[PDB]
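Below is one structure, written out as structure tokens; the observations come after it.
Nothing in this text is a laboratory measurement; each read-out follows from the coordinates by a stated rule. Here the Cβ is made from the backbone with ideal geometry for all residues, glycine too, and neighbour counts use every protein chain on show.
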Amino acid sequence: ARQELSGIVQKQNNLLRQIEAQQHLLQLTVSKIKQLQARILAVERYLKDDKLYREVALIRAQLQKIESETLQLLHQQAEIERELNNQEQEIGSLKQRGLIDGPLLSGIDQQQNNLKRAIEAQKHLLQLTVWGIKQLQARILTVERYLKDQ
């Protein structure tokens, strides 16, 4: 009835807000990774040549924070996908019996496809974030070994 259809539309909106909130944090993490890449490059060029130690300590902290941010993003991404999947089953069930029709059926189907595509794009963005933090972890480890050595 009007109420279950109302419920699907509200859930589709709730999910759309969760993707929105996840995108803010993902973008922020991505921007931190980029500034940190630049900072590690500087340390690397300089070692090719105590302020150095403070910069390396600051970078290492900043790297560990980003890794923790990426793990939060990974967990929330899983929560978002699970909600998408629950909505797919509910929508699918009402559709099987025909209880969504007219412009609403096309619009709810289109919205399911929109949210799925955005969630999959965020998953790709997240894979790139993971890739980035693993690169920076390997480069700072090289620097730490050199310092221990010297």
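So here's what we get for this one:
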quantity	calculated
Looking only at region 107-119, and only at residues there that are surrounded by 12 or more Cβ atoms within 10 Å (Cβ to Cβ) and of a type in the set (D, E, K, R), the one that is nearest to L16 (Cα to Cα)	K116
Flag for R17 being within 15 Å of the chain's Cα centre (by Cα), more than 30 Å from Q135 (Cα to Cα) and either loosely packed, with under 12 Cβ neighbours inside 10 Å or not hydrophobic (A, V, I, L, M, F, W, C) (or both)	yes
Hits in region 69-93 - residues which are touching a helix residue (DSSP H, G or I) at 6+ places or on another chain (Cβ under 9 Å) and among the polar types (S, T, N, Q)	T70, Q72, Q76, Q77, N86, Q87
Scan of region 43-57 for residues that are exposed (fewer than 12 other Cβ atoms within 10 Å of the Cβ) and part of a helix (DSSP H, G or I), ordered by number	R45, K51, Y53, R54, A57
Any pair with Cβ under 7 angstrom, 6 or more apart, that starts in region 131-150 at a residue that is over 11 Å from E67 (Cα atoms) and ends at one that is surrounded by 13 or more Cβ atoms within 10 Å (Cβ to Cβ) and β-branched (V, I, T)	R139/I40; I140/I40; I140/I59; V143/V43; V143/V56; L147/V56
Exclusive hit being farther than 17 Å from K123 by Cα and not acidic (D, E), set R60, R82	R60
Test: residue in region 78-94 that is within 26 Å of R117 (Cβ to Cβ), of a type in the set (A, V, I, L, M, F, W, C) and in contact with a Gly (Cβ under 7 Å, 6 or more places away or on another chain)	no
